[PDB]
Each structure stands twice: as C-alpha cells, then as structure tokens.
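# Got an experimental structure here, sequence first:
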Amino acid sequence: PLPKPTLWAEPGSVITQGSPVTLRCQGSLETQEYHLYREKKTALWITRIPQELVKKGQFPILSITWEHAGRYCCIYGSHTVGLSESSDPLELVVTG
C-alpha cells in the first residue's frame with residue numbers, strides 16, 4: 001500500500017478552451033512508472049502520450065477541448081516494489 005502520488009495541473013486545473021495544460025504526477029522514484037486515468041469515462045487522449053513523457057509523469061494537452069474535462073487520478077509503482085494508491089482526484093475544468 002505505497003503512499004499516494006501528487007497530481008497537479010500546470011498552469012492550473014481551470015484552463016480556458018483552446019489553451020494548453022499539462023497534468024503532472026510525482027510519487028517517489030525519479031521516473032518511469034506513472035499511470036493517469038479518468039474515472040467515470042476513459043480519457044483516450046492519455047493513451048497517446050509518448051512513453052518518454054509518461055515516464056517523467058507528464059501528460060500534456062496542447063489544445064484542451066470540452067471532452068477533456070473530468071476527474072483524474074494517477075498511481076505509480078514498479079512490478080516490485082508494487083503499485084501505489086490513487087492520488088487525490090484532480091478536477092480538470094474547461095471554460096471560455
């Protein structure tokens with residue numbers, strides 16, 4: 001039951017439409033085993049983030065749309081030493 005990671009948004013969780021935002025998750029080790037997800041509805045855009053970013057715990061959105069809004073959580077963890085708990089939810093809001 002590893003510690004839950006820290007998930008945040010840059011510049012923030014409320015970003016106007018068409019503008020960029022990057023979701024970020026940092027847990028323990030340097031890199032390499034992060035996973036982001038949206039909970040009531042799968043966020044397909046996550047499955048397209050290159051491994052190089054995902055390994056750094058980075059999930060960019062260059063041009064945010066309405067369908068991006070939702071509740072996001074993430075967990076890290078290596079086969080061993082094991083998977084972590086879900087971070088607290090991030091409310092990703094889109095406006096304008």
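Good, I have the coordinates. Numbers count the residues shown, from 1 in each chain.

# all strands of this protein, in order?
Along the chain, the stretches classed as strands by DSSP state E are 6-10, 14-16, 21-26, 34-38, 58-61, 70-78, 82-83, 90-95.

# Rebuild those strands as TSV, extending it with distance to residue 47.
For every residue, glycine as well, the C-beta is placed using N, CA and C. As requested, those are arranged in TSV below (distance: least, Cβ to Cβ, whole Å):
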stretch	distance to residue 47
strand 6-10	18
strand 14-16	21
strand 21-26	14
strand 34-38	10
strand 58-61	11
strand 70-78	14
strand 82-83	19
strand 90-95	16
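
# can you put the ones you listed in CSV and add mean neighbour count and distance to residue 52?
Formatted as CSV, the strands of the chain follow (neighbours: other Cβ atoms under 10 Å; distance: least, Cβ to Cβ, whole Å):
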stretch, mean neighbour count, distance to residue 52
strand 6-10, 17, 18
strand 14-16, 16, 23
strand 21-26, 20, 14
strand 34-38, 20, 12
strand 58-61, 19, 9
strand 70-78, 19, 16
strand 82-83, 12, 22
strand 90-95, 16, 22
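
# for those strands, which one sits closest to residue 50?
Proximity of those to residue 50 was assessed by Cβ to Cβ; the nearest stretch is strand 58-61, lying at 9.5 Å.

# Tell me the strands beside that closest one, with direction?
Pairing partners of strand 58-61, with direction, according to DSSP bridges: strand 21-26 (antiparallel).

# Can you give the contact residues for the strand it pairs with?
Under the contact criterion Cβ atoms under 8 Å, 6 or more residues apart in numbering, strand 21-26 has outside partners 5-13, 15, 34, 36, 57-61, 64, 72, 74, 76, 87, 90, 92.
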